[PDB]
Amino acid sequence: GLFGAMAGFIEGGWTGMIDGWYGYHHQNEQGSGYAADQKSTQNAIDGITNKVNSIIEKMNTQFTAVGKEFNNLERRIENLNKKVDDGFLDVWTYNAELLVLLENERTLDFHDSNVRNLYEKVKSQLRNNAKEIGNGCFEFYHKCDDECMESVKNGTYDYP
């Protein structure tokens, strides 16, 4: 990805995380589990959601009857009508096509960026209180129980 996280330094996805797009997975002496980061996931939803609508909402179309009907002595204007149809039907094809290829790249980058920001959000809080194991994981130098694991999630981790 553009932001190096997805299929990057965090080479795989969690089939176990089922309640969100980006999240955490902790493992302390008390247990372990997947928990989606709600805030960043919702926001991504809101955004992607709003993106799709735009691509659909912005498509204005008025009542029209494409077909025409020209007699054997109106070939020129008939071919002109053709040129218009083929014409617009070349614009929208190339456009719709690239619009997708491009916005797709964008969407994926967006997700990557979101994962990286989350990773770095945590990376910031922990600081020297955990070693980075270049795979999206942090191993605390101290014991971190569920309240602790919670604090890092809801972004309120203590003195690092």
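Residues carry their position along the shown sequence, with the first being 1.
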Per the record, averaged over C-alpha atoms, which has the higher B-factor: 151 to 159 or 3 to 11? 151 to 159
Where do the C-alpha atoms have the higher mean temperature factor in this entry, in 98 to 106 or in 126 to 134? 126 to 134
Using the B-factor values recorded in the entry, state whether the Cα atom of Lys68 falls in the lowest, middle or highest third among the modelled residues of its chain. middle
With respect to C-alpha B-factor, does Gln30 fall in the lowest, middle or highest third of the chain as deposited? highest
Where does the C-alpha B-factor of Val91 rank in its chain, lowest, middle or highest third? middle
Would you please rank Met59 by its C-alpha temperature factor against the other modelled residues of its chain and give the third it falls in: lowest, middle or highest? highest
